[PDB]
Protein chains: 2
Amino acid sequence: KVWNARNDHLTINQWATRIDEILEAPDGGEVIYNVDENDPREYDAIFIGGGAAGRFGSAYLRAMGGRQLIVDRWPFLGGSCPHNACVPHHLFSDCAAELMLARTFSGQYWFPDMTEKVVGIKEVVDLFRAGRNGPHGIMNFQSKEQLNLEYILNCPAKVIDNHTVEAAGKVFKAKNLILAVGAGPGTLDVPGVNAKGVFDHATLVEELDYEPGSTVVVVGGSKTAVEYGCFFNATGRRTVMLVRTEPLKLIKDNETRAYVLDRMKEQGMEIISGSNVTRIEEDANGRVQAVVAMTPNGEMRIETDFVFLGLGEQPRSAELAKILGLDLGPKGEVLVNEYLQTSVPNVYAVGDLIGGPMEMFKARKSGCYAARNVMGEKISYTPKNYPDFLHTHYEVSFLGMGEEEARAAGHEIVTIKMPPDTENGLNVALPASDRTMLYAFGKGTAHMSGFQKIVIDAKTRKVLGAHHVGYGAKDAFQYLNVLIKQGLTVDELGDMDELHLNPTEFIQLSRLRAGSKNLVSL
Amino acid sequence: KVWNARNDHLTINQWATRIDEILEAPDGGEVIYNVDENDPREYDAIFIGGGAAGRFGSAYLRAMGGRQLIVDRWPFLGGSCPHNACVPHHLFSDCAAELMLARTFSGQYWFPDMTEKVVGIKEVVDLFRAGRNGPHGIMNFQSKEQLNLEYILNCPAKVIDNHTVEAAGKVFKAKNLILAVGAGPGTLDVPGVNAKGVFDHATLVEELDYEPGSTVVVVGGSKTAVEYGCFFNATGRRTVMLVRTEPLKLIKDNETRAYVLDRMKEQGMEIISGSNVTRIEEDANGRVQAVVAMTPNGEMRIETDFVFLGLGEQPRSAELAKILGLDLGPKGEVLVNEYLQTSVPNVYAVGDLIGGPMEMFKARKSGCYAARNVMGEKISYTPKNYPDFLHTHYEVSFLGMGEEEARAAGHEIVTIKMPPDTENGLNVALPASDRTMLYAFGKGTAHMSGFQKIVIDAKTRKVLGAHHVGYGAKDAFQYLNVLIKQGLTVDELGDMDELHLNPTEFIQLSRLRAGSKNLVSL
Ligand SMILES: Cc1cc2c(cc1C)N(C[C@H](O)[C@H](O)[C@H](O)COP(=O)(O)OP(=O)(O)OC[C@H]1O[C@@H](n3cnc4c(N)ncnc43)[C@H](O)[C@@H]1O)c1[nH]c(=O)[nH]c(=O)c1N2
Ligand SMILES: Cc1cc2c(cc1C)N(C[C@H](O)[C@H](O)[C@H](O)COP(=O)(O)OP(=O)(O)OC[C@H]1O[C@@H](n3cnc4c(N)ncnc43)[C@H](O)[C@@H]1O)c1[nH]c(=O)[nH]c(=O)c1N2
Ligand SMILES: O=S(=O)(O)CCS
Ligand SMILES: O=S(=O)(O)CCS
Ligand SMILES: [Mg+2]
Ligand SMILES: [Mg+2]
């Protein structure tokens with residue numbers, strides 16, 4: 001049936017419960033119909049998909065005084081992020097970091113004895129499944145009651161043409177379409193890939209009905225592969241990462257990458273470069289029993305009953321491209337100009353549908369910029385020079401140039417880092433800050449307290465790049481990147497007010513060198 | 001004896017070991033003499049004290065090409081920070097944060113049963129004592145080998161006059177003195193204050209030779225009292241805080257302060273306002289057995305064998321003031337103009353010695369600006385418009401105006417916060433980020449996932465204040481404050497690249513409102 005929700009006003013937690021019920025419904029659940037049928041204005045845009053791009057684009061268009069409609073096949077707004085992407089990933093990475101701490105200090109202070117202890121993966125996935133309706137509920141509530149958005153949920157949109165969309169058995173006209181249906185999990189064209197026990201980010205939180213055995217094979221080297229792999233390792237499982245190219249290439253600074261990889265290997269992870277799965281072996285019960293892959297050292301066969309695919313996502317372009325005549329790129333991404341316009345008049349495309357980088361900032365901003373163009377503002381969007389981050393068992397944050405990259409680009413450079421390059425190497429009690437204090441003080445753990453570096457042009461004194469391994473700097477890199485894009489010098493960094501003990505020591509270490517006209521690394 | 005270390009080059013860990021040896025030596029240890037006997041220049045400045053202010057001032061003065069000498073009675077540089085202040089505080093706050101997590105999820109997932117579990121305060125203090133030599137060693141190493149500093153350590157300075165200081169049985173002349181001896185813990189004029197079992201931050205890490213009983217009394221209601229009190233509570237002890245006025249007045253936003261206090265009370269802390277200790281009772285062996293205090297509801301007696309004094313620190317000005325004739329302020333602080341000059345020609349004063357704000361960003365800056373003035377730069381310093389932070393079992397970060405403060409000042413304001421103002425209140429699954437995911441997803445724990453807010457001028461669209469309770473925002477507030485001092489608007493905030501799931505949600509929540517010319521709270 002169709003639930004006309006326009007004049008109902010559920011709380012956040014009532015929404016959480018209602019969304020849970022609809023997801024539970026054997027028949028698939030009612031359509032959530034939240035349309036202002038008394039507003040006579042034409043729709044400025046209909047958004048196909050209500051994930052990060054469609055939801056933020058709708059919020060911005062409505063804020064500018066335009067009329068929008070979201071259509072989404074899920075009964076909640078927010079798309080993959082709350083249901084199977086950014087949110088669960090963060091729950092698992094929280095677990096990975098806490099578990100590394102517990103295993104390092106096993107049996108000390110309040111920490112349990114972790115020797116032999118295998119943590120239940122299904123237990124944590126079930127926690128996520130039991131709690132994910134909370135964020136769903138906030139999405140539906142905030143969108144309807146605070147952002148004044150119109151939306152039809154739990155209903156696939158049927159695009160008829162570049163001005164016409166069917167939803168909930170009704171036809172809606174709009175001045176523009178904004179295509180925001182995202183991307184689907186990448187898959188592997190090998191025998192056995194459909195065996196029971198092979199999972200991706202989407203299927204893991206829907207179909208995990210058993211506790212994995214002692215070994216996990218992760219396919220891929222993407223952020224998702226590394227984040228999930230470190231969680232699986234932290235639960236106590238032999239974890240083999242089959243990377244197609246080079247592991248963690250995203251970390252351009254060689255010293256930072258080496259520190260991160262070394263810490264992963266110290267936790268027991270096996271990282272295989274240049275590897276390609278050739279077969280997933282099934283046992284007679286139809287479950288994965290082994291993974292066979294070609295590697296630089298020959299064929300490798302790993303016995304396992306649990307495989308996690310962390311491959312690149314694939315834009316959901318096929319049906320829309322057939323209906324509308326959209327020009328597509330080599331990976332199936334919808335091609336757009338710098339105004340987010342597709343090859344089809346009055347059709348924009350945003351978010352993961354337009355390809356990399358597939359990040360939340362890109363999805364939300366492309367949605368908003370498409371909205372501004374729909375509302376008559378000529379505004380271009382090309383994502384460039386952004387900060388980035390990934391989880392291992394640490395938070396890893398980076399922006400700008402790595403040290404070698406900056407030298408190769410012609411810059412005379414100095415660096416300011418922690419710990420310093422000395423005979424004792426990493427085995428010193430800095431850097432140290434919130435959630436690295438036990439590492440900094442424990443017996444033999446000082447090398448685990450983190451790593452960080454800024455790359456500086458020796459003559460202009462400008463900061464060219466920043467790199468951090470530890471905890472609590474990720475949020476800072478958002479604002480620091482803005483400052484660096486403005487032309488931040490080592491002197492200006494030293495002039496700031498630090499909040500000691502700080503995750504990034506850049507401010508005070510810069511101050512220690514900024515008094516000299518001829519800069520020297522620290 | 002006097003160890004001429006000038007031409008010795010110890011590693012960091014060799015320094016750590018040597019400092020331990022000197023500290024434990026019954027005779028008091030050798031003097032550490034690191035003076036350049038070939039330099040014919042007069043010292044531009046002698047720094048009395050080698051804490052944050054003296055060490056950073058020396059580093060900056062040397063970097064500008066001047067000559068400096070540090071004299072400190074400790075055998076290490078860095079002052080209180082590594083020995084008994086910021087560093088141990090952060091170790092304690094880390095355990096409190098980890099212990100709140102463990103108690104909340106006691107007996108779930110990998111967490112042991114925290115019922116019946118009292119964590120050893122002495123074990124954690126002993127961990128700090130065993131590891132504090134690491135930072136000591138880095139301080140001495142970095143100062144000598146990387147910063148090119150001269151210093152005499154493990155030797156009290158005798159200031160003879162405004163150009164003359166004796167140290168290690170030698171007389172040194174200087175163009176200027178920079179007084180950097182810091183501040184010492186305040187005391188309580190009540191019977192029993194010397195009883196065994198009364199500690200402050202300094203004596204706690206030197207004299208704790210027993211494991212405290214089940215109750216702790218903390219005297220005071222600002223940063224140090226609150227940070228240590230939450231640690232004591234997290235170890236499983238009934239913790240009663242006796243606050244003279246009202247607690248956490250530094251948190252100006254009323255909702256933020258209420259969230260912080262509410263979460264402390266939910267952990268079991270008892271916060272008694274308007275209370276004054278009357279007596280600390282000693283048993284027949286000279287050990288604390290109870291605290292008697294007057295409260296607005298009359299006298300109360302609390303049985304305890306452990307009292308922690310978290311009173312404001314007192315500038316160490318008496319001896320120097322009498323020697324030099326320094327003008328002092330009402331709190332014993334040394335009075336300085338905006339160039340850090342005392343009333344005595346060629347004598348500057350810096351750090352905690354000059355009073356509030358007693359922070360690591362103040363002492364460092366003050367000492368650096370004093371150095372620059374000594375070297376011929378007329379540069380003023382008045383600490384103002386800076387971010388601030390404290391620990392409870394959370395990290396608490398704040399800058400600028402609270403909401404009520406801004407409205408009382410005539411500003412038309414909007415606020416953008418998380419969680420929203422609704423019937424469900426805090427009992428919703430946002431805000432959520434690293435180290436709050438378990439709270440956001442746990443049964444009955446969502447209200448523990450944090451609280452955050454920005455205060456915005458509705459007409460200029462400028463951010464007037466920002467407030468956050470959670471984890472991983474402290475470092476960001478350093479750089480966010482700089483942007484706000486430049487004139488940050490909600491539109492510019494919305495234009496940034498966020499790194500989802502971010503500790504501060506200010507970027508994307510701003511984006512949700514910035515599309516309207518008439519701003520609306522969220
Ligand atoms: C495992 C994992 C982990 C992360 C991330 C991804 C993944 C897979 N990401 C990336 C992030 O999730 C991604 O960039 C955005 O969610 C994409 O938002 P979109 O709205 O463009 O797509 P998204 O796919 O979210 O939106 C599509 C929406 O449209 C709906 N839809 C599809 N077809 C439809 C149809 N025919 N009719 C109606 N509705 C339809 C879908 O149901 C969905 O609601 C991330 N990013 C980041 O910044 N930080 C991070 O930590 C992570 N972590
Ligand atoms: C418990 C606790 C916790 C914190 C903090 C304080 C306390 C008590 N602080 C405050 C911070 O510690 C403080 O602002 C600085 O350490 C002050 O540095 P100074 O160099 O000014 O004094 P400090 O006292 O550190 O330096 C004095 C030095 O001079 C020496 N000296 C003294 N008299 C001498 C004499 N006659 N002859 C020779 N040498 C002499 C001393 O031995 C010492 O080495 C803080 N700040 C912050 O930013 N973040 C935080 O988290 C905390 N946390
Ligand atoms: O970007 S959205 O707020 O829509 C989803 C956050 S998980
Ligand atoms: O500020 S100092 O570098 O001197 C001490 C930091 S622990
Ligand atoms: Mg280290
Ligand atoms: Mg909450």
# chains A, B, ... in the order shown; residues from 1 in each chain; ligands from 1

call {"tool": "select_by_dssp", "arguments": {"residues": "range 100-145 of chain B", "states": "helix (DSSP H, G or I)", "output": "list in words"}}
result
residues 100, 101, 102, 103, 104, 121, 122, 123, 124, 125, 126, 127, 128, 129, 130, 131, 133, 134, 135, 136, 137, 138, 139, 140, 141, 142, 143, 144 and 145 of chain B

call {"tool": "closest_atom_pairs", "arguments": {"of": "chain B", "to": "ligand 3", "cutoff": "9 Å", "atoms": "only C-alpha atoms and all ligand atoms", "output": "Markdown table"}}
result
| residue | atom | partner | partner_atom_place_in_ligand_line | distance |
| --- | --- | --- | --- | --- |
| B:500 | CA | ligand 3 | 6 (C) | 8.1 |
| B:501 | CA | ligand 3 | 7 (S) | 7.7 |
| B:508 | CA | ligand 3 | 1 (O) | 8.0 |
| B:509 | CA | ligand 3 | 3 (O) | 8.8 |

call {"tool": "residues_around", "arguments": {"residues": "residue 357 in chain A", "least_positions_apart": "6", "cutoff": "10 Å", "atoms": "only C-alpha atoms", "output": "MDAnalysis selection string"}}
result
chainID A and resid 351 363 383:384

call {"tool": "residues_near_ligand", "arguments": {"ligand": "ligand 5", "cutoff": "7 Å", "atoms": "only C-alpha atoms and all ligand atoms", "output": "list in words"}}
result
residues 419, 426, 427, 428, 429, 430, 431, 440, 446, 447, 448, 449 and 450 of chain A

call {"tool": "write_last_selection", "arguments": {"atoms": "N, CA and C atoms", "output": "PDB file, in the first residue's frame"}}
result
ATOM      1  N   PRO A 419      58.385  10.550  15.289  1.00  0.00           N
ATOM      2  CA  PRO A 419      59.655  10.806  15.990  1.00  0.00           C
ATOM      3  C   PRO A 419      60.790  11.231  15.056  1.00  0.00           C
ATOM      4  N   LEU A 426      61.887   4.588  16.046  1.00  0.00           N
ATOM      5  CA  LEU A 426      60.534   4.748  16.550  1.00  0.00           C
ATOM      6  C   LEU A 426      60.411   4.458  18.035  1.00  0.00           C
ATOM      7  N   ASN A 427      61.444   3.873  18.643  1.00  0.00           N
ATOM      8  CA  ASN A 427      61.359   3.366  20.004  1.00  0.00           C
ATOM      9  C   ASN A 427      61.571   4.488  21.008  1.00  0.00           C
ATOM     10  N   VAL A 428      60.798   5.564  20.857  1.00  0.00           N
ATOM     11  CA  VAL A 428      60.849   6.720  21.741  1.00  0.00           C
ATOM     12  C   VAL A 428      59.414   7.129  22.049  1.00  0.00           C
ATOM     13  N   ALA A 429      59.254   7.904  23.127  1.00  0.00           N
ATOM     14  CA  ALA A 429      57.944   8.108  23.736  1.00  0.00           C
ATOM     15  C   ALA A 429      57.127   9.217  23.078  1.00  0.00           C
ATOM     16  N   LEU A 430      57.552   9.737  21.939  1.00  0.00           N
ATOM     17  CA  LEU A 430      56.705  10.621  21.158  1.00  0.00           C
ATOM     18  C   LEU A 430      56.564  10.037  19.762  1.00  0.00           C
ATOM     19  N   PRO A 431      55.563  10.478  18.990  1.00  0.00           N
ATOM     20  CA  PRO A 431      54.511  11.411  19.403  1.00  0.00           C
ATOM     21  C   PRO A 431      53.589  10.757  20.413  1.00  0.00           C
ATOM     22  N   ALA A 440      52.795   4.943  24.211  1.00  0.00           N
ATOM     23  CA  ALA A 440      53.981   5.742  24.495  1.00  0.00           C
ATOM     24  C   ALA A 440      54.649   5.316  25.795  1.00  0.00           C
ATOM     25  N   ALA A 446      56.567   1.698  22.559  1.00  0.00           N
ATOM     26  CA  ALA A 446      56.692   3.101  22.167  1.00  0.00           C
ATOM     27  C   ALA A 446      56.619   3.279  20.655  1.00  0.00           C
ATOM     28  N   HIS A 447      57.118   2.300  19.885  1.00  0.00           N
ATOM     29  CA  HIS A 447      57.080   2.412  18.431  1.00  0.00           C
ATOM     30  C   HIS A 447      55.654   2.490  17.902  1.00  0.00           C
ATOM     31  N   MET A 448      54.681   2.060  18.693  1.00  0.00           N
ATOM     32  CA  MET A 448      53.282   2.106  18.295  1.00  0.00           C
ATOM     33  C   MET A 448      52.613   3.448  18.579  1.00  0.00           C
ATOM     34  N   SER A 449      53.349   4.456  19.071  1.00  0.00           N
ATOM     35  CA  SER A 449      52.662   5.679  19.485  1.00  0.00           C
ATOM     36  C   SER A 449      52.309   6.607  18.317  1.00  0.00           C
ATOM     37  N   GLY A 450      52.756   6.313  17.099  1.00  0.00           N
ATOM     38  CA  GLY A 450      52.315   7.028  15.910  1.00  0.00           C
ATOM     39  C   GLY A 450      53.465   7.606  15.102  1.00  0.00           C
TER      40      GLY A 450
END

call {"tool": "closest_residue", "arguments": {"among": "B:5, B:77, B:160, B:64", "to": "chain A", "atoms": "only C-alpha atoms"}}
result
B:64

call {"tool": "residues_near_ligand", "arguments": {"ligand": "ligand 2", "cutoff": "6 Å", "atoms": "only C-alpha atoms and all ligand atoms", "output": "short mmCIF file (atom, residue, chain, number, x, y, z; two decimals) with N, CA and C atoms, in the first residue's frame"}}
result
data_model
loop_
_atom_site.label_atom_id
_atom_site.label_comp_id
_atom_site.auth_asym_id
_atom_site.auth_seq_id
_atom_site.Cartn_x
_atom_site.Cartn_y
_atom_site.Cartn_z
N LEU A 499 46.69 23.02 21.52
CA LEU A 499 45.97 22.42 22.67
C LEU A 499 46.75 21.14 23.01
N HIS A 500 47.80 21.31 23.77
CA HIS A 500 48.72 20.23 24.19
C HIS A 500 47.97 19.28 25.13
N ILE B 48 65.79 31.50 33.58
CA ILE B 48 65.70 30.87 34.90
C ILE B 48 64.52 29.92 34.83
N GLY B 49 64.81 28.64 34.66
CA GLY B 49 63.79 27.62 34.47
C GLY B 49 63.79 27.11 33.04
N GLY B 50 63.69 25.80 32.88
CA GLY B 50 63.73 25.19 31.56
C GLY B 50 62.48 24.42 31.21
N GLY B 51 61.33 24.86 31.72
CA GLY B 51 60.06 24.29 31.31
C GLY B 51 59.67 24.73 29.91
N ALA B 52 58.38 24.59 29.58
CA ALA B 52 57.92 24.95 28.24
C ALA B 52 58.33 26.37 27.86
N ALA B 53 58.13 27.32 28.77
CA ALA B 53 58.46 28.71 28.47
C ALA B 53 59.96 28.89 28.26
N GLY B 54 60.77 28.38 29.18
CA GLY B 54 62.21 28.56 29.05
C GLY B 54 62.79 27.80 27.87
N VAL B 71 69.00 27.45 33.01
CA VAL B 71 69.43 26.86 34.31
C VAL B 71 68.16 26.27 34.95
N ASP B 72 68.19 24.98 35.27
CA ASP B 72 67.01 24.35 35.85
C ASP B 72 67.47 23.39 36.93
N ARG B 73 66.72 23.35 38.03
CA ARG B 73 67.08 22.46 39.12
C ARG B 73 66.71 21.00 38.86
N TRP B 74 65.81 20.72 37.89
CA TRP B 74 65.61 19.34 37.48
C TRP B 74 66.74 18.89 36.54
N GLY B 79 60.17 20.86 32.22
CA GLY B 79 59.47 21.33 33.41
C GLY B 79 58.39 20.38 33.86
N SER B 80 57.30 20.94 34.36
CA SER B 80 56.18 20.14 34.92
C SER B 80 55.52 19.22 33.89
N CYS B 81 55.40 19.68 32.64
CA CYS B 81 54.71 18.97 31.53
C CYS B 81 55.01 17.46 31.55
N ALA B 85 52.64 17.01 35.07
CA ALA B 85 51.47 17.82 34.66
C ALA B 85 50.76 17.27 33.41
N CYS B 86 50.91 17.94 32.26
CA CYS B 86 50.16 17.53 31.05
C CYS B 86 50.36 16.05 30.71
N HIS B 89 48.64 13.62 33.22
CA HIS B 89 47.19 13.94 33.08
C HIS B 89 46.63 13.21 31.86
N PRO B 156 70.04 24.31 41.08
CA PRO B 156 69.26 25.53 41.29
C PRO B 156 70.05 26.76 40.89
N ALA B 157 69.36 27.71 40.26
CA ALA B 157 69.97 28.99 39.93
C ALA B 157 69.88 29.94 41.11
N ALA B 180 61.35 32.11 34.28
CA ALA B 180 60.49 31.08 33.71
C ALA B 180 60.35 29.92 34.68
N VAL B 181 60.19 30.23 35.97
CA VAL B 181 60.19 29.20 37.00
C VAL B 181 58.81 28.63 37.28
N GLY B 182 57.77 29.13 36.60
CA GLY B 182 56.47 28.47 36.66
C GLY B 182 55.71 28.71 37.95
N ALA B 183 54.90 27.71 38.33
CA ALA B 183 54.03 27.80 39.49
C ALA B 183 53.98 26.46 40.21
N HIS B 201 48.70 17.09 42.24
CA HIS B 201 49.21 16.50 41.01
C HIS B 201 50.71 16.23 41.10
N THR B 224 42.10 20.51 36.50
CA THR B 224 42.89 19.45 37.13
C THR B 224 42.03 18.57 38.03
N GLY B 351 55.35 32.38 30.96
CA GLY B 351 54.75 31.13 31.43
C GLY B 351 53.83 31.31 32.64
N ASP B 352 53.70 30.22 33.40
CA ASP B 352 52.83 30.24 34.58
C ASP B 352 53.27 31.30 35.58
N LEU B 353 54.52 31.74 35.52
CA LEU B 353 54.99 32.75 36.46
C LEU B 353 54.20 34.05 36.35
N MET B 358 47.26 29.80 32.42
CA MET B 358 48.35 28.81 32.64
C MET B 358 48.18 27.63 31.67
N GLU B 359 48.56 27.83 30.41
CA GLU B 359 48.44 26.77 29.37
C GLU B 359 49.82 26.52 28.74
N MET B 360 49.93 25.47 27.92
CA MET B 360 51.22 25.13 27.25
C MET B 360 51.41 26.04 26.03
N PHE B 361 50.31 26.57 25.48
CA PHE B 361 50.37 27.47 24.30
C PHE B 361 50.71 28.89 24.76
N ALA B 363 52.73 29.70 27.86
CA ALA B 363 54.14 29.69 28.31
C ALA B 363 55.08 29.65 27.09
#

call {"tool": "residues_around", "arguments": {"residues": "residue 387 in chain A", "least_positions_apart": "3", "cutoff": "8 Å", "atoms": "only C-alpha atoms", "output": "short mmCIF file (atom, residue, chain, number, x, y, z; two decimals) with N, CA, C and O atoms, in the first residue's frame"}}
result
data_model
loop_
_atom_site.label_atom_id
_atom_site.label_comp_id
_atom_site.auth_asym_id
_atom_site.auth_seq_id
_atom_site.Cartn_x
_atom_site.Cartn_y
_atom_site.Cartn_z
N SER A 397 45.84 9.92 8.10
CA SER A 397 45.35 11.14 7.48
C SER A 397 46.45 11.74 6.63
O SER A 397 47.62 11.72 7.03
N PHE A 398 46.10 12.27 5.46
CA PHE A 398 47.11 12.82 4.57
C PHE A 398 46.52 13.90 3.67
O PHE A 398 45.35 13.83 3.27
N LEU A 399 47.33 14.89 3.35
CA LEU A 399 46.95 15.93 2.40
C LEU A 399 48.21 16.44 1.72
O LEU A 399 49.31 16.36 2.27
N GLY A 400 48.02 16.97 0.52
CA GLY A 400 49.12 17.59 -0.18
C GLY A 400 50.13 16.55 -0.64
O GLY A 400 49.80 15.39 -0.89
N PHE A 477 42.47 17.63 9.92
CA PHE A 477 42.94 17.74 8.54
C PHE A 477 41.91 18.44 7.64
O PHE A 477 42.29 19.08 6.65
N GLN A 478 40.62 18.38 8.00
CA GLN A 478 39.60 19.14 7.27
C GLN A 478 39.94 20.62 7.25
O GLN A 478 39.89 21.28 6.20
N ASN A 481 43.61 21.63 5.88
CA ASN A 481 43.73 21.67 4.43
C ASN A 481 43.30 23.03 3.89
O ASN A 481 43.90 23.55 2.94
N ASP B 497 35.85 20.49 2.52
CA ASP B 497 35.81 19.05 2.27
C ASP B 497 35.83 18.33 3.61
O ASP B 497 36.85 18.34 4.30
N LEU B 499 35.71 14.94 6.09
CA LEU B 499 36.20 13.53 6.06
C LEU B 499 35.22 12.74 6.93
O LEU B 499 35.47 12.60 8.13
#

call {"tool": "closest_residue", "arguments": {"among": "A:423, A:195, A:304, A:332", "to": "residue 285 in chain A", "atoms": "only C-alpha atoms"}}
result
A:195

call {"tool": "residues_around", "arguments": {"residues": "residue 512 in chain A", "least_positions_apart": "5", "cutoff": "12 Å", "atoms": "only C-alpha atoms", "output": "number ranges by chain"}}
result
A: 416-417, 490-491, 493-495, 505-507, 519-522; B: 52-53, 55-64, 142-143, 146-149, 364-365, 367-368

call {"tool": "atom_distance", "arguments": {"atom1": "CA of residue 290 in chain B", "atom2": "CA of residue 302 in chain B"}}
result
5.4 Å

call {"tool": "residues_around", "arguments": {"residues": "residue 435 in chain A", "least_positions_apart": "6", "cutoff": "10 Å", "atoms": "only C-alpha atoms", "output": "PyMOL selection string"}}
result
(chain A and resi 97-98+101+449+470-472+503) or (chain B and resi 90-91+93-95+97-98+435+471-472)

call {"tool": "atom_distance", "arguments": {"atom1": "CA of residue 174 in chain A", "atom2": "CA of residue 161 in chain A"}}
result
10.2 Å

call {"tool": "residues_around", "arguments": {"residues": "residue 42 in chain A", "least_positions_apart": "5", "cutoff": "12 Å", "atoms": "only C-alpha atoms", "output": "number ranges by chain"}}
result
A: 36-37, 66-69, 163-164, 172-176

call {"tool": "write_last_selection", "arguments": {"atoms": "N, CA, C and O atoms", "output": "short mmCIF file (atom, residue, chain, number, x, y, z; two decimals), in the first residue's frame"}}
result
data_model
loop_
_atom_site.label_atom_id
_atom_site.label_comp_id
_atom_site.auth_asym_id
_atom_site.auth_seq_id
_atom_site.Cartn_x
_atom_site.Cartn_y
_atom_site.Cartn_z
N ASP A 36 3.89 17.18 -0.79
CA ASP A 36 2.98 18.28 -0.47
C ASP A 36 2.00 18.38 -1.63
O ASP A 36 2.27 19.02 -2.64
N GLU A 37 0.84 17.75 -1.48
CA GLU A 37 -0.05 17.79 -2.63
C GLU A 37 -0.80 19.11 -2.76
O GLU A 37 -1.56 19.28 -3.71
N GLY A 66 13.75 26.51 -4.06
CA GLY A 66 13.23 25.66 -5.12
C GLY A 66 12.42 24.49 -4.57
O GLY A 66 12.38 24.25 -3.37
N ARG A 67 11.78 23.76 -5.48
CA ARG A 67 10.99 22.59 -5.11
C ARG A 67 11.68 21.34 -5.63
O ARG A 67 12.09 21.30 -6.80
N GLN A 68 11.80 20.32 -4.77
CA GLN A 68 12.49 19.08 -5.12
C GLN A 68 11.63 17.89 -4.72
O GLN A 68 10.73 17.99 -3.89
N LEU A 69 11.95 16.75 -5.33
CA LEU A 69 11.38 15.48 -4.91
C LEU A 69 12.51 14.46 -4.92
O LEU A 69 13.25 14.37 -5.91
N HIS A 163 12.16 14.71 -18.32
CA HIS A 163 11.32 15.59 -17.51
C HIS A 163 10.24 14.82 -16.76
O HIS A 163 9.32 15.45 -16.22
N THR A 164 10.30 13.49 -16.74
CA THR A 164 9.14 12.71 -16.33
C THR A 164 9.59 11.48 -15.57
O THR A 164 10.38 10.69 -16.10
N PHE A 172 5.23 12.29 -12.13
CA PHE A 172 5.67 13.61 -11.73
C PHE A 172 6.49 14.23 -12.86
O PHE A 172 7.29 13.54 -13.51
N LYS A 173 6.27 15.52 -13.11
CA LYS A 173 7.05 16.28 -14.08
C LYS A 173 8.03 17.18 -13.34
O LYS A 173 7.75 17.66 -12.24
N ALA A 174 9.18 17.43 -13.96
CA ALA A 174 10.15 18.34 -13.36
C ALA A 174 10.93 19.06 -14.45
O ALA A 174 11.06 18.57 -15.57
N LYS A 175 11.47 20.22 -14.08
CA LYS A 175 12.29 20.99 -15.01
C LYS A 175 13.62 20.29 -15.28
O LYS A 175 14.21 20.49 -16.36
N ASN A 176 14.12 19.51 -14.32
CA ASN A 176 15.41 18.83 -14.42
C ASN A 176 15.35 17.51 -13.66
O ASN A 176 14.57 17.36 -12.71
#

call {"tool": "closest_residue", "arguments": {"among": "A:294, A:138, A:87, A:121", "to": "ligand 6", "atoms": "only C-alpha atoms and all ligand atoms"}}
result
A:138
